[PDB]
Amino acid sequence: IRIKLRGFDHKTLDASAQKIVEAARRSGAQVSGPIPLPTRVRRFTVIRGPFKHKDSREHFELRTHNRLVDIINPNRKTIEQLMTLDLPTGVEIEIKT
Amino acid sequence: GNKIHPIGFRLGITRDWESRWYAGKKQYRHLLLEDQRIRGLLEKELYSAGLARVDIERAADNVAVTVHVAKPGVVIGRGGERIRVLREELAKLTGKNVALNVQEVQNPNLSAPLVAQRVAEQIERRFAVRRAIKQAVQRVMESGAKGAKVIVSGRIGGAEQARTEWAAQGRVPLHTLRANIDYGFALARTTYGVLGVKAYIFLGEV
Amino acid sequence: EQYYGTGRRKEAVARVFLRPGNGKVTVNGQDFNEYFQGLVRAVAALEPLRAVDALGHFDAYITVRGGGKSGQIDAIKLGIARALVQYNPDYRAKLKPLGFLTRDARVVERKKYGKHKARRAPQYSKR
Amino acid sequence: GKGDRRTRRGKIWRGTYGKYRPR
Amino acid sequence: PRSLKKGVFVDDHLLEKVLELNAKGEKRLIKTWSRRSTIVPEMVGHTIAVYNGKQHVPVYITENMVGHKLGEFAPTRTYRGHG
Amino acid sequence: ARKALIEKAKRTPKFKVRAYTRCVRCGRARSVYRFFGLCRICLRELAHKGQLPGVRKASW
RNA sequence: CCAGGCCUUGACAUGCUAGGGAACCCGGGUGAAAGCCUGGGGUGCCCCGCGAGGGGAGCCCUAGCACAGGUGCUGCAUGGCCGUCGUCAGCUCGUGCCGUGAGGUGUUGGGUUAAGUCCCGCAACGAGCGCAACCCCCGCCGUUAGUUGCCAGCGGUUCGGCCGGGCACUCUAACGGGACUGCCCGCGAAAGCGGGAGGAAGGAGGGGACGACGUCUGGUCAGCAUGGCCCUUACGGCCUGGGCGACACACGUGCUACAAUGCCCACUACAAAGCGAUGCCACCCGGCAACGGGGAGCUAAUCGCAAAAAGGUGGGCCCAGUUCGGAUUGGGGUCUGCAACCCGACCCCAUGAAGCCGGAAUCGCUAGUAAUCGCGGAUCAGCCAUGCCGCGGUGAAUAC
Ligand SMILES: [Mg+2]
Ligand SMILES: [Mg+2]
Ligand SMILES: [Mg+2]
Ligand SMILES: [Mg+2]
Ligand SMILES: [Mg+2]
Ligand SMILES: [Mg+2]
Ligand SMILES: [Mg+2]
Ligand SMILES: [Mg+2]
Ligand SMILES: [Mg+2]
Ligand SMILES: [Mg+2]
Ligand SMILES: [Mg+2]
Ligand SMILES: [Mg+2]
Ligand SMILES: [Mg+2]
Ligand SMILES: [Mg+2]
Ligand SMILES: [Mg+2]
Ligand SMILES: [Mg+2]
Ligand SMILES: [Mg+2]
Ligand SMILES: [Mg+2]
Ligand SMILES: [Mg+2]
Ligand SMILES: [Mg+2]
Ligand SMILES: [Mg+2]
Ligand SMILES: [Mg+2]
Ligand SMILES: [Mg+2]
Ligand SMILES: [Mg+2]
Ligand SMILES: [Mg+2]
Ligand SMILES: [Mg+2]
Ligand SMILES: [Mg+2]
Ligand SMILES: [Mg+2]
Ligand SMILES: [Mg+2]
Ligand SMILES: [Mg+2]
Ligand SMILES: [Mg+2]
Ligand SMILES: [Mg+2]
Ligand SMILES: [Mg+2]
Ligand SMILES: [Mg+2]
Ligand SMILES: [Mg+2]
Ligand SMILES: [Mg+2]
Ligand SMILES: [Mg+2]
Ligand SMILES: [Mg+2]
Ligand SMILES: [Mg+2]
Ligand SMILES: [Mg+2]
Ligand SMILES: [Mg+2]
Ligand SMILES: [Mg+2]
Ligand SMILES: [Mg+2]
Ligand SMILES: [Mg+2]
Ligand SMILES: [Mg+2]
Ligand SMILES: [Mg+2]
Ligand SMILES: [Zn+2]
């Protein structure tokens, strides 16, 4: 009954995190909402110039945002139509039960 | 040398990555490296066509490479020809579903990487570096652009004392984030050494 | 029957419950004086009840998370004050002059690159 | 103390364990 | 040190040379690049030339100097003092 | 010692201890990040260009 | 980098000539390894193919020619990137006016501001790069969402939000609101300044991102790019060892201290940000211990790293070169790794140095700051990290 949504850009996560949840809310029946899990962040810090100059760095970050949606009351009308969904490139899905 | 790179400064606001896909810790590098191998090969061949933007998308063992260009015909070939001969060349390195598109550029004069690339050419052909820059800006502005700035550094005219010359017109608020700035860099080889060309185009704000 | 205000200070968050009773006060399942023993700074967390003569009138269930014992104390001091303002709206006078309703954004400043801390610069020698 | 391995405070400094700081 | 549960290390190739000579009766010269080795009881009385990076240093092994490494007897640095 | 070194770096060695990372883009032996495969210099160069997926400047 | 042993279209790219057979995997002699010598084993296609046999070319091998290769010199030939004055309030342009001309004007002048900030004035009138704003973190509130997170109520409760049950609260993470000198008194020509209120927040709210024209013939040919100059059985390359870790000395940045506002032992609290499938490793057992053998969970708001530490309670030490301080060394072990002699970390027994608050001189910090306390991460087999990038706990003094 479980849907997991994961991407680098959140504004395309929330697009797709709503879109999947609208689908199952259509073809029956229970949607436990888009619950936004904490983001896992990997910062990259680096000296700016190619040589010496230690006291000047730059900060980069990488945000792997998380989402979860629970379609509880299945209704296998959902089991076919999800297999056909428009989920943009920068996003991953994991399906469990 | 002080100023920030005005592209990387705008990511997630006015400008968007040229590699839009996800990957976990154990796979990221291997894909990213392919985009690296791919972009070189593409720009090795497609440099002629007037290459503007190399977009790469991914899902799972498949990839759509959207290429922007000023002469779409030289890219596509004879009736679907060149664009084909690359598809095979492409999936040779890729080993996967190489979907290679070609898109229109509705003005090379509003394309910063193009404006630069042309100037880098003109001075490879022994042309007046000062005059050529004022022209480069003069084109961009006549196409309605809001503002323009163009920079060449190096042994201009072969001069032994290296020099940085530049020109500009309109606005270029590089401190402003709600303002759209297209930036393109072009590196000109010559007999006396290499010069570098920087172009900044202010399209308009958001 | 119950009165709740949200108390924050630093990383410390306060869930405080005001209920008419003897004056018993509890934090995370222990008596106040057990959970804040030897902390001279504690007795002042139970200050806003003096602002409106509530020393005996209320009991308290209180959970607390984040920060430390004195950051947790200041959150509580805010929350029980926060909770009084609902139990009696007229209590706003004699709570604002004490600054008991206001919460300070005073938090640990970011360690900055090129420094030892947020501001401590590395020692320097010319000649 | 903080430099003295044979103490509690000492092994916390190193970030290791032993008889003088058990886990 | 070298973890007691494992072995007592000698570079395979050198051990053999000692043991070959043990049969025949020792001893010629033994030019080696085996500093990582252990002096080992079979080696006593031999004269081994250890490479210190520069030279092949002649070391007569004794009954007293056994548990050590070879390179402890081939100095890597030349130092006569200052001034 | 240069090109023979970026090349010696990929081939599987005489013992596995001798594995060292060389920045896959320019060949820098020092400051090579596992996640990207790059050196801190290239790290910044690709990123600034916007060719590093999901990567953006940190400001807090 | 140095010593020694070696390789010649070459560790590597793109081409051609011809020989083998293509390819790939397994071992052998010798030698420190490299290398040099060697013993194995079967090619697709598409083809005359029941037949000797023949090549094309996916590829390896071999004698040559191109050409490779150079962290060799030049940052005083260069691109790029960075430091820097300086987050300083500045630097210019168009036209007009002025001067023979360099140039001036505007940009000066009154006032105001963190600011060429805004106002008022003016042969000046506008425009531009900068300031500010737009972007991120934090402080208040709201909408949406309720598991792995939370438990206010009730009921079960083996006594653990453990089960029912709920999203109210804490939270998680996206979208909004809110602050503007907007209101009041007042001083002001104005811009603003002092004060008052409402408000979580007040006069740029705290911090961040962001660095004008230029300066330093600044830094980097050793990250990369690149002109040129230079080398070619070697200034290229492969290896084994050593050096980069030396030590009469001098300096820079640091760590730990000289102690009682302290040291030590036992029991006992409250963080945050991160990190983790030959990875973190709950728990059990062997061990004084580092660790070792078992073994569960977790692609992770679920499981783990994990104890936060200063703190609190109790007890010991009693002013001593000491129960301060933990260098130096002797002896014994664990681990990582092919390998810890030079030259790793860690554990244990013993050894217990200097040092009693530092000469001339000299550094940092204006508030959640300084001081003090612990935690993580990058690099990474291990680690010489007391370094660096962050994170919270406690939390000042002072500016006439
Ligand atoms: Mg010439
Ligand atoms: Mg008390
Ligand atoms: Mg702090
Ligand atoms: Mg430093
Ligand atoms: Mg300095
Ligand atoms: Mg001691
Ligand atoms: Mg101390
Ligand atoms: Mg090179
Ligand atoms: Mg290694
Ligand atoms: Mg490395
Ligand atoms: Mg220079
Ligand atoms: Mg120099
Ligand atoms: Mg330069
Ligand atoms: Mg003029
Ligand atoms: Mg005059
Ligand atoms: Mg005139
Ligand atoms: Mg003039
Ligand atoms: Mg001026
Ligand atoms: Mg002037
Ligand atoms: Mg003035
Ligand atoms: Mg300023
Ligand atoms: Mg202005
Ligand atoms: Mg004026
Ligand atoms: Mg709600
Ligand atoms: Mg004011
Ligand atoms: Mg700004
Ligand atoms: Mg110079
Ligand atoms: Mg170079
Ligand atoms: Mg060069
Ligand atoms: Mg060194
Ligand atoms: Mg000294
Ligand atoms: Mg130090
Ligand atoms: Mg010092
Ligand atoms: Mg003594
Ligand atoms: Mg060692
Ligand atoms: Mg002692
Ligand atoms: Mg003494
Ligand atoms: Mg004393
Ligand atoms: Mg002291
Ligand atoms: Mg002192
Ligand atoms: Mg003095
Ligand atoms: Mg200050
Ligand atoms: Mg780590
Ligand atoms: Mg480590
Ligand atoms: Mg050491
Ligand atoms: Mg540490
Ligand atoms: Zn690199």
# chains A, B, ... in the order shown; residues from 1 in each chain; ligands from 1

$ residues_around --residues "residue B:56" --least-positions-apart "5" --cutoff "8 Å" --atoms "only C-alpha atoms (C1' of nucleotides)" --output "list in words"
residues 18, 19, 20, 35, 63, 64, 65 and 66 of chain B

$ residues_around --residues "residue C:2" --least-positions-apart "5" --cutoff "10 Å" --atoms "only C-alpha atoms (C1' of nucleotides)" --output "number ranges by chain"
C: 16-20, 58-61, 83, 87; G: 152

$ select_by_dssp --residues "stretch 2-60 of chain F" --states "alpha helix (DSSP H)" --output "count of residues only"
18

$ residues_near_ligand --ligand "ligand 4" --cutoff "8 Å" --atoms "only C-alpha atoms (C1' of nucleotides) and all ligand atoms" --output "number ranges by chain"
A: 54-55; C: 114-116, 122; G: 253, 387-388

$ residues_near_ligand --ligand "ligand 2" --cutoff "10 Å" --atoms "only C-alpha atoms (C1' of nucleotides) and all ligand atoms" --output "ChimeraX atom specification"
/C:32-34,36-44

$ interface_residues --of "chain D" --to "chain G" --cutoff "7 Å" --atoms "only C-alpha atoms (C1' of nucleotides)" --output "PyMOL selection string"
chain D and resi 2-4+18-19

$ write_last_selection --atoms "N, CA and C atoms" --output "PDB file, in the first residue's frame"
ATOM      1  N   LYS D   2      43.392  16.335  30.706  1.00  0.00           N
ATOM      2  CA  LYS D   2      42.993  16.078  29.323  1.00  0.00           C
ATOM      3  C   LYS D   2      44.085  15.472  28.439  1.00  0.00           C
ATOM      4  N   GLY D   3      45.328  15.515  28.899  1.00  0.00           N
ATOM      5  CA  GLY D   3      46.398  14.875  28.164  1.00  0.00           C
ATOM      6  C   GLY D   3      46.792  13.552  28.783  1.00  0.00           C
ATOM      7  N   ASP D   4      46.163  13.209  29.905  1.00  0.00           N
ATOM      8  CA  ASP D   4      46.572  12.029  30.668  1.00  0.00           C
ATOM      9  C   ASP D   4      45.680  10.820  30.343  1.00  0.00           C
ATOM     10  N   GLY D  18      38.937   1.961  27.552  1.00  0.00           N
ATOM     11  CA  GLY D  18      39.822   1.024  28.224  1.00  0.00           C
ATOM     12  C   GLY D  18      39.374   0.793  29.652  1.00  0.00           C
ATOM     13  N   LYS D  19      40.279   0.318  30.497  1.00  0.00           N
ATOM     14  CA  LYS D  19      39.964   0.187  31.912  1.00  0.00           C
ATOM     15  C   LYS D  19      39.706   1.560  32.530  1.00  0.00           C
TER      16      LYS D  19
END

$ residues_around --residues "residue B:93" --least-positions-apart "5" --cutoff "10 Å" --atoms "only C-alpha atoms (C1' of nucleotides)" --output "PyMOL selection string"
chain B and resi 34+37-38+41+88+98

$ residues_around --residues "residue A:95" --least-positions-apart "6" --cutoff "10 Å" --atoms "only C-alpha atoms (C1' of nucleotides)" --output "number ranges by chain"
A: 1-5

$ residues_near_ligand --ligand "ligand 30" --cutoff "12 Å" --atoms "only C-alpha atoms (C1' of nucleotides) and all ligand atoms" --output "list in words"
residues 243, 244 and 245 of chain G

$ residues_near_ligand --ligand "ligand 41" --cutoff "10 Å" --atoms "only C-alpha atoms (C1' of nucleotides) and all ligand atoms" --output "PyMOL selection string"
chain G and resi 360-362

$ residues_around --residues "stretch 28-42 of chain E" --least-positions-apart "4" --cutoff "8 Å" --atoms "only C-alpha atoms (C1' of nucleotides)" --output "ChimeraX atom specification"
/E:8-11,14,18-19,47-51,56,63,65-72 /G:32,240-241,339,341

$ select_by_dssp --residues "chain E" --states "strand (DSSP E)" --output "PyMOL selection string"
chain E and resi 30-32+47-51+56-60

$ residues_near_ligand --ligand "ligand 18" --cutoff "10 Å" --atoms "only C-alpha atoms (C1' of nucleotides) and all ligand atoms" --output "PDB file with N, CA and C atoms (P, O5', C5', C4', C3', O3' and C1' of nucleotides), in the first residue's frame"
ATOM      1  P     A G  89      31.932  53.407   4.194  1.00  0.00           P
ATOM      2  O5'   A G  89      31.967  54.161   2.789  1.00  0.00           O
ATOM      3  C5'   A G  89      32.943  55.160   2.503  1.00  0.00           C
ATOM      4  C4'   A G  89      32.720  55.791   1.146  1.00  0.00           C
ATOM      5  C3'   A G  89      31.348  56.427   0.988  1.00  0.00           C
ATOM      6  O3'   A G  89      31.406  57.781   0.475  1.00  0.00           O
ATOM      7  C1'   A G  89      31.621  54.615  -0.599  1.00  0.00           C
ATOM      8  P     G G  90      31.764  58.221  -1.038  1.00  0.00           P
ATOM      9  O5'   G G  90      33.283  57.802  -1.277  1.00  0.00           O
ATOM     10  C5'   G G  90      33.883  57.955  -2.561  1.00  0.00           C
ATOM     11  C4'   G G  90      34.352  56.634  -3.122  1.00  0.00           C
ATOM     12  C3'   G G  90      34.639  56.610  -4.618  1.00  0.00           C
ATOM     13  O3'   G G  90      35.931  57.082  -4.954  1.00  0.00           O
ATOM     14  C1'   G G  90      33.258  54.780  -4.061  1.00  0.00           C
ATOM     15  P     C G  91      36.152  57.933  -6.297  1.00  0.00           P
ATOM     16  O5'   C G  91      35.807  56.905  -7.454  1.00  0.00           O
ATOM     17  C5'   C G  91      36.697  55.847  -7.751  1.00  0.00           C
ATOM     18  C4'   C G  91      36.277  55.102  -8.990  1.00  0.00           C
ATOM     19  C3'   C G  91      36.087  55.932 -10.248  1.00  0.00           C
ATOM     20  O3'   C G  91      37.307  56.233 -10.903  1.00  0.00           O
ATOM     21  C1'   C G  91      34.243  54.482  -9.977  1.00  0.00           C
ATOM     22  P     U G  92      37.369  57.431 -11.971  1.00  0.00           P
ATOM     23  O5'   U G  92      35.940  57.374 -12.673  1.00  0.00           O
ATOM     24  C5'   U G  92      35.721  57.892 -13.973  1.00  0.00           C
ATOM     25  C4'   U G  92      34.749  57.032 -14.746  1.00  0.00           C
ATOM     26  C3'   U G  92      33.975  57.720 -15.856  1.00  0.00           C
ATOM     27  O3'   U G  92      34.735  57.853 -17.042  1.00  0.00           O
ATOM     28  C1'   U G  92      32.494  56.407 -14.572  1.00  0.00           C
ATOM     29  P     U G 107      25.492  65.455  -8.836  1.00  0.00           P
ATOM     30  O5'   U G 107      26.924  65.314  -8.139  1.00  0.00           O
ATOM     31  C5'   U G 107      27.073  64.630  -6.894  1.00  0.00           C
ATOM     32  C4'   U G 107      28.498  64.181  -6.628  1.00  0.00           C
ATOM     33  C3'   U G 107      29.567  65.279  -6.583  1.00  0.00           C
ATOM     34  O3'   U G 107      30.571  64.923  -5.622  1.00  0.00           O
ATOM     35  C1'   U G 107      30.139  63.697  -8.227  1.00  0.00           C
ATOM     36  P     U G 108      30.400  65.244  -4.050  1.00  0.00           P
ATOM     37  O5'   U G 108      30.804  66.776  -3.930  1.00  0.00           O
ATOM     38  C5'   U G 108      32.158  67.187  -4.005  1.00  0.00           C
ATOM     39  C4'   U G 108      32.245  68.686  -3.947  1.00  0.00           C
ATOM     40  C3'   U G 108      31.346  69.328  -2.906  1.00  0.00           C
ATOM     41  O3'   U G 108      31.934  69.339  -1.615  1.00  0.00           O
ATOM     42  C1'   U G 108      31.037  70.411  -4.984  1.00  0.00           C
ATOM     43  P     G G 116      27.852  58.402   1.499  1.00  0.00           P
ATOM     44  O5'   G G 116      27.006  58.871   0.237  1.00  0.00           O
ATOM     45  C5'   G G 116      27.620  59.065  -1.033  1.00  0.00           C
ATOM     46  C4'   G G 116      26.638  58.827  -2.152  1.00  0.00           C
ATOM     47  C3'   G G 116      26.475  57.367  -2.569  1.00  0.00           C
ATOM     48  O3'   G G 116      25.113  57.113  -2.903  1.00  0.00           O
ATOM     49  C1'   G G 116      27.139  58.655  -4.432  1.00  0.00           C
TER      50        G G 116
END
